[PDB]
Amino acid sequence: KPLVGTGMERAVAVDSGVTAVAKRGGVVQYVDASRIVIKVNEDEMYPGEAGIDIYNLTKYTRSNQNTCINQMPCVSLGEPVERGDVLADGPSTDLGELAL
Amino acid sequence: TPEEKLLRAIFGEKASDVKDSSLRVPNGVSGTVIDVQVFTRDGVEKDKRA
Amino acid sequence: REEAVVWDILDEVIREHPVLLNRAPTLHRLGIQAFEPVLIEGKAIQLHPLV
Amino acid sequence: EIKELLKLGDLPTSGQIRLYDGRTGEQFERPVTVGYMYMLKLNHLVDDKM
Amino acid sequence: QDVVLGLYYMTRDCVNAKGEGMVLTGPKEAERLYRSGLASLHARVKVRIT
Amino acid sequence: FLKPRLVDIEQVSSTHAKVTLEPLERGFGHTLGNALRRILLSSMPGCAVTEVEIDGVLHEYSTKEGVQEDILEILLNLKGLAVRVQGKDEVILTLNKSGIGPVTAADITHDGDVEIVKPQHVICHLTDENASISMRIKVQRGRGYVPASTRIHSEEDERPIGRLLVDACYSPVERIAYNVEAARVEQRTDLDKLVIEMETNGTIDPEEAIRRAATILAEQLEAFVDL
Amino acid sequence: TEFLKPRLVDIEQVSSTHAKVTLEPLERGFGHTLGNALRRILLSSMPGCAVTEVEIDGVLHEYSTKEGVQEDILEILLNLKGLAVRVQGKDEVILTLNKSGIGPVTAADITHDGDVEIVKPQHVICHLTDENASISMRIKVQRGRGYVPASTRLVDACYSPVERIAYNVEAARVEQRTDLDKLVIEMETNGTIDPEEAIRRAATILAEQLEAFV
């Protein structure tokens, strides 16, 4: 994480797709280093199909520059998450901020 | 040539009709193998590993 | 095989045997200068500050 | 604003402190500035260029 | 740069410093004075030199 | 040429402590404190985990289904597990646990010489009702910093691809500080004290440490005293 | 948990006063830990016999000129700090220097005593100019441990044999190790102790302090 910062680092991390952002808010049903399954809140949920949002995380893989791009879950089992919250950090991102 | 022929004669090695093109790790770089992909022409039999 | 015994043999061929060092924009003749090699662990070239 | 946060920090306003050489253990004349700087590793890494 | 900043800080003089005014037989015991912590690096002193 | 001796050794926390040396002549507090800081921070006995063979894991870069820690991250956690042995120079510890919850450092299999100084130390979590992790944790003892890279030269068929190596962290010491305060014994001109404030993972006792430190010290002086 | 010991120590003499010794197999950082710990005790705490209190012939204070000698009182004292001696059974001995006639008054013109050993009889104390030139002094010499300057003490205590000590840690290559260090200890002495003897007795006191921890 940058110890000294500006406040853009959060925005740069999120707007770039490197991280994984919540589609809809709710409580985390399942947390694995592989995927993340969120049980949607009913106010945000559509009537049909009910649903849960399943995020399949990217794991260790080659970048164009031959670096490693790997996502890590930043949330814990059964925790409230709101829409537009960071679900998993990407490479060089910490808890939603941008750490280069 | 003559002296290579004596060498094989002494040590009794059958020099193959095939030359070695095998892919080997570049000099000095060392790591762990995390994946293997096998692409095959359509119609050639996929080998065991593939 | 990089057998351990070879490093000492290299110290022989290196001792008195200058090497040429050169930088990117060679301007005057000092852009290339001869030095006596010193074997150093690591992948970086070390260069005397005064030069 | 920075100096006040250093007051809350328990650390001097000058931002400099006394440092001791780990070899002789003796002090260093003058205070030296010590702190925390964010530092990046660019990829020129030596075992490519070489 | 670093080298000349060293020598500048070496031969320089402040107005009052440890060992000011004393006299020494030669450079050998001058370093002995400094390294031991008795005398400051810069202080006005008469010493015998050759 | 009056010689020193130790004095009250004050434990404060399981981590750090302040040892003291009372009879030091002029300036000898510095001559030792720096010379002692040197060997303390560097050469000391320690036992850090080295080879770890886990359940289904081929390499440190995968993820075990049912645990939210990447394998690479779990290996790093092991490098920070503090333990101590007595009569063995390498012991292989078997860790087993399952069920939803944290897998701490107290869930391992106790051995006669096993002392876990931080039973709460988090190895990794467990995210599913039935998910089980078995690992053979091979802990050895040594000196200094031996990175996992320099280990693969002897090799000689370490074929167990499931045996993943980690970096050797061997050392008890974290932070060492020495302060020399003037010690006034009832009759003497001027004498000094030595306050050595050190910081440790709890795997070495203060009196033990300072001896082997000074031990190596005089042992190197052996040659010195002649030519 | 075995620990590496040195080997090879070729001793290169530079004349008879000083020399540069070398030690090849020192592990990481041990070159400084040793080189510095020995530099520390060499320059500071050492047995020595120097000159301290000087009561002279006619002129009591340092601010004057003795008739018949071209050296200012201050300059002659500096020569005294550099007179190297050794005693045997005395912790202080008071000698007596006498001489006259045109010429240098050296260190061999003093009165020899049972415990007096002058290591540099040629050492120039001062000259003696035109006429006969009177000079006699009772020189009070004491014994101690270290360098005690006249200010804290009337001359500075030179007791240390050592003049200048330098240690340099250069990288030592052991046959199958990365980087190990060497130790180049260049020492300097007044000649009342031989270089090889000193560095032994220096470390001796060192280890002698460890005697409650071995």
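Since F:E222 meets every condition but one in (1) more than 30 Å from C:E2 (Cβ to Cβ); (2) within 14 Å of chain G (Cβ to nearest Cβ); (3) touching a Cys at 6+ places or on another chain (Cβ under 8 Å), which condition does it not meet?
Answer for F:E222: the failing condition is (3).
May I ask you to say which residue of F:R84, F:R141, F:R136 is surrounded by 18 or more Cβ atoms within 10 Å (Cβ to Cβ) and over 27 Å from G:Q176 (Cα atoms)?
After ruling out the rest, the residue left standing is F:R84.
Please pick out the residue among F:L72, F:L41, F:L76, F:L58 that is in contact with a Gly (Cβ under 9 Å, 6 or more places away or on another chain), surrounded by fewer than 20 Cβ atoms within 10 Å (Cβ to Cβ) and assigned by CATH to the domain that holds F:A131.
F:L58
Return yes when G:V85 is out of contact with any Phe, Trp or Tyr (no Cβ under 7 Å at 6 or more places or on another chain) and away from every other protein chain (no Cβ under 14 Å) and no when it is not.
Considered against the rule, which asks whether it is out of contact with any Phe, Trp or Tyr (no Cβ under 7 Å at 6 or more places or on another chain) and away from every other protein chain (no Cβ under 14 Å), G:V85 comes out as yes.
Can you confirm whether E:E20 is at the interface with chain G (Cβ under 10 Å from one of its Cβ atoms) and either outside any strand (DSSP E or B) or surrounded by 14 or more Cβ atoms within 10 Å (Cβ to Cβ) (or both)?
In short, no.
Just one of F:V195, F:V180, F:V139, F:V114 is within 13 Å of another protein chain (Cβ to nearest Cβ) and within 27 Å of F:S42 (Cα to Cα); which is it?
F:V180
For the range C:1-24, what are the residues that are assigned to a loop (DSSP other than H, G, I, E, B) and within 14 Å of chain G (Cβ to nearest Cβ)?
Matches in the range C:1-24: C:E2, C:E3, C:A4, C:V5, C:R15.
Taking only the range F:116-159 into account, find how many residues are under 22 Å from F:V83 (Cβ atoms) and not small (G, A, S).
Residues meeting the conditions: 24.
If you take the residues in the range F:32-48 that are within 14 Å of chain D (Cβ to nearest Cβ) and polar (S, T, N, Q), which one is nearest to the chain's Cα centre (by Cα)?
F:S42
Taking the range F:144-162 on its own, how many of its residues are more than 16 Å from the chain's Cα centre (by Cα), surrounded by 13 or more Cβ atoms within 10 Å (Cβ to Cβ) and within 11 Å of chain G (Cβ to nearest Cβ)?
Residues meeting the conditions: 0.
Residues that are of a type in the set (K, R), surrounded by 14 or more Cβ atoms within 10 Å (Cβ to Cβ) and under 26 Å from F:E60 (Cα atoms): does the range F:189-202 have at least one?
Within the range F:189-202, not a single residue is of a type in the set (K, R), surrounded by 14 or more Cβ atoms within 10 Å (Cβ to Cβ) and under 26 Å from F:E60 (Cα atoms).
Checking the structure you have, find out if any residue of the range E:33-44 is charged (D, E, K, R), surrounded by 10 or more Cβ atoms within 10 Å (Cβ to Cβ), within 25 Å of G:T189 (Cα to Cα) and touching a strand residue (DSSP E or B) at 6+ places or on another chain (Cβ under 9 Å).
No: the range E:33-44 contains no residue that is charged (D, E, K, R), surrounded by 10 or more Cβ atoms within 10 Å (Cβ to Cβ), within 25 Å of G:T189 (Cα to Cα) and touching a strand residue (DSSP E or B) at 6+ places or on another chain (Cβ under 9 Å).
Among the residues of the range F:95-111, which ones are closer than 30 Å to A:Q29 by Cβ and either surrounded by fewer than 16 Cβ atoms within 10 Å (Cβ to Cβ) or more than 14 Å from every other protein chain (Cβ to nearest Cβ) (or both)?
Hits for the range F:95-111 are F:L95, F:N96, F:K97, F:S98, F:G99, F:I100, F:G101, F:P102, F:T104, F:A105, F:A106, F:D107.
Please find, within the range F:8-28, the residue that is surrounded by the most Cβ atoms within 10 Å (Cβ to Cβ) out of those that are small (G, A, S) and more than 10 Å from every other protein chain (Cβ to nearest Cβ).
F:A17
Which one of the conditions (1) more than 17 Å from the chain's Cα centre (by Cα); (2) closer than 30 Å to F:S62 by Cα does F:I137 fail to meet, given that it meets all the rest?
(1)
Among the residues of the range E:23-50, what is the count of those that are within 21 Å of G:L154 (Cα to Cα), part of a loop (DSSP other than H, G, I, E, B) and among the aliphatic types (A, V, I, L, M)?
Result for the range E:23-50: 3.
Going through the range A:18-60 one residue at a time, which ones are surrounded by 12 or more Cβ atoms within 10 Å (Cβ to Cβ) and polar (S, T, N, Q)?
If the condition is that a residue be surrounded by 12 or more Cβ atoms within 10 Å (Cβ to Cβ) and polar (S, T, N, Q), then A:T19, A:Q29, A:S34, A:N41, A:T58 are the ones that fit.
Going through the range G:200-214 one residue at a time, which ones are closer than 19 Å to G:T33 by Cβ, assigned to a helix (DSSP H, G or I) and at the interface with another protein chain (Cβ under 7 Å from one of its Cβ atoms)?
G:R200, G:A203, G:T204, G:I205, G:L206, G:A207, G:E208, G:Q209, G:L210
How many residues are farther than 15 Å from C:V13 by Cα and either part of a loop (DSSP other than H, G, I, E, B) or within 14 Å of chain D (Cβ to nearest Cβ) (or both) if we restrict to the range C:27-39?
Residues meeting the conditions: 2.
Quick reminder, even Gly has a Cβ in these numbers, built from the backbone with ideal geometry, and neighbours come from all protein chains shown. The values are calculated or read from the model by the stated rules, or taken from the named source; no laboratory read-out is quoted.
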